[PDB]
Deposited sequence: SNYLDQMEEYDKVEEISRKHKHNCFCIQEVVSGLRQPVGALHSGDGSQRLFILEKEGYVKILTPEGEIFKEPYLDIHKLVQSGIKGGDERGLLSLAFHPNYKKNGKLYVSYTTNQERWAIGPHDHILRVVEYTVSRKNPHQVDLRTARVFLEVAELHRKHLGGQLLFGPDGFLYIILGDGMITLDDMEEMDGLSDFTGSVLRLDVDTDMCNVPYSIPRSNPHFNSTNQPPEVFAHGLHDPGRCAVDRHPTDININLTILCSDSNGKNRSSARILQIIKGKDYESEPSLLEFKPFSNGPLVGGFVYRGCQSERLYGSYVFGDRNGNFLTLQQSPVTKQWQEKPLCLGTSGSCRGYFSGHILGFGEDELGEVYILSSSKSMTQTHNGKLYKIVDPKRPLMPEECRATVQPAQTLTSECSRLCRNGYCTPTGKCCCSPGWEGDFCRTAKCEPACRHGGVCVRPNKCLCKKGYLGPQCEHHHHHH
């Protein structure tokens, strides 16, 4: 037979959202939970008791179901092994600059210099705040293409022309793919915009628009290709594709080409398999729906049209043709193997979300070629991590100072009118005076 195969990896999770890897050599797997947790799965199969990221108080994670309001996406820096930088997109509640139900946030975190299995929450750097009016069509998928730019895939938000021209506390960002350069040396702006962006100068972060209700978009690293499903509310069910070509400066927007290859209604999303266990699946675009029907989008090299071809599941040994509940998201190994994350109203009430791995029974679990050696995660050691006083330290390694600090790593304090009579500037605008010199700058004696 030619079916694939699913295997239970982990259970007892709370509403899983997705899972990814650190890219750091430790084959850690970080799994997202909707209430606002990122847990670590060890390559040997242990869930660490302490979460990697516990941010549940900051995130307004909606109850309902169909309610989309939780933690949305995580992305690791291509040089996290050096700089230890995360990017999280989540939904939060105090905004007073316009109308909202909530605001979709994009924040940068950094691992604890002391614990490689936990980030310290004090490192939060808000990158983007996107005012949202509705509790659907949110999106928020984060990803790094090659050349190292960060992509954010924001949905419709169900944002309509009425509310756009009604109030101004509304964002330009919804329904768009945004591409950013996090590798800034600037300290005035949290992120730089690459010169190869369309609207790089225009009187900007928007790389493409048109998106409505996208699932998890498939990402081909090969130039980059991102391919999205889209629900469009109750209006068909289409695929939209973005390709960037090979090193080209944009001044007008690339087309977000639409086509309609789907038939089995709404889809959760897809992935590009670049794993190792399955030879045949290599380089395939896979999309699954809520109930676990899988497809393949394949492109004719001749008549560049897209075609869907069903994939079957089937049991072979304890690796089974089915899984429990409904698919909520997808996952990937550092080795590139792919997972589905499931739950149900029955297994939500009990905290029983599952991680399931997809398997090719036609191949061995460890083909000779797929052998890799685990490189256990280490504590940050980079220059900026150890020296940069307080105030954020950018992914490039440049150390940005908080008000009233100066120097390469912000070690020297600033005294606006300088200290006198041999005083020492200890904190910003604080002088440590020698005995018998009083006042804010030690300017007095008698």
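In this entry, the deposited residues absent from the coordinate set span 1 to 21, 115 to 116, 227 to 229, 249 to 254, 479 to 481.
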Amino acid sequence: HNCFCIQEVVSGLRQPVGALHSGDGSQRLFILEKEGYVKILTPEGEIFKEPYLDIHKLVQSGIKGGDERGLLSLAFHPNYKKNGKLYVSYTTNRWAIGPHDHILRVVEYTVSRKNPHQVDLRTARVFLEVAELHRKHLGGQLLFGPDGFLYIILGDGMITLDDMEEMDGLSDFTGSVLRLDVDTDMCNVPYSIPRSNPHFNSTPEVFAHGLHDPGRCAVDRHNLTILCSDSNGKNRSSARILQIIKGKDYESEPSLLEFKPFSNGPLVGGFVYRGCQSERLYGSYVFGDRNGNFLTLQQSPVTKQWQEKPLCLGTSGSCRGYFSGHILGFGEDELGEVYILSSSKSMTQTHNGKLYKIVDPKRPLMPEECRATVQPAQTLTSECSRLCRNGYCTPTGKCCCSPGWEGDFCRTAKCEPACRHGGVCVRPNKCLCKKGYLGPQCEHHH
From here on, numbers count along this sequence of modelled residues.
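Take the two forms, superpose them, and find the largest set of C-alpha atoms that agree within 1.5 Å; that set is the rigid core.
Across the superposed structures in 6 other deposited structures of this protein, aligned by the core, the stretch whose Cα atoms lie more distant on average is 415 to 423, chosen from 415 to 423 and 374 to 382. Take 179 to 187 and 155 to 163, fit the other structures onto the shown form by the rigid core, and average the C-alpha distances in 6 other deposited structures of this protein: the farther stretch is 155 to 163.
In at least a third of the other compared PDB entries of this protein that cover both flanking sides, residue 99 is left without coordinates.
Of the other entries compared for this protein that flank it with modelled residues, a third or more give no atoms for residue 233. The question of which stretch, 296 to 304 or 166 to 174, has the higher mean Cα B factor is settled in favour of 166 to 174. Per the PDB record, of the two stretches 228 to 236 and 359 to 367, 228 to 236 carries the greater mean B-factor over its C-alpha atoms. In this PDB entry, residue 266 carries a Cα temperature factor that places it within the highest third of its chain's modelled residues. Sorting the modelled residues of the chain by their CA temperature factor places residue 191 in the middle third. Ranked within its chain, residue 108 lands in the lowest third, by CA B factor from the PDB record.
Per-chain ranking of the deposited C-alpha B factor places residue 198 in the highest third.
Annotation for residue 287: C-alpha temperature factor in the lowest third relative to the rest of the modelled chain, per the entry.
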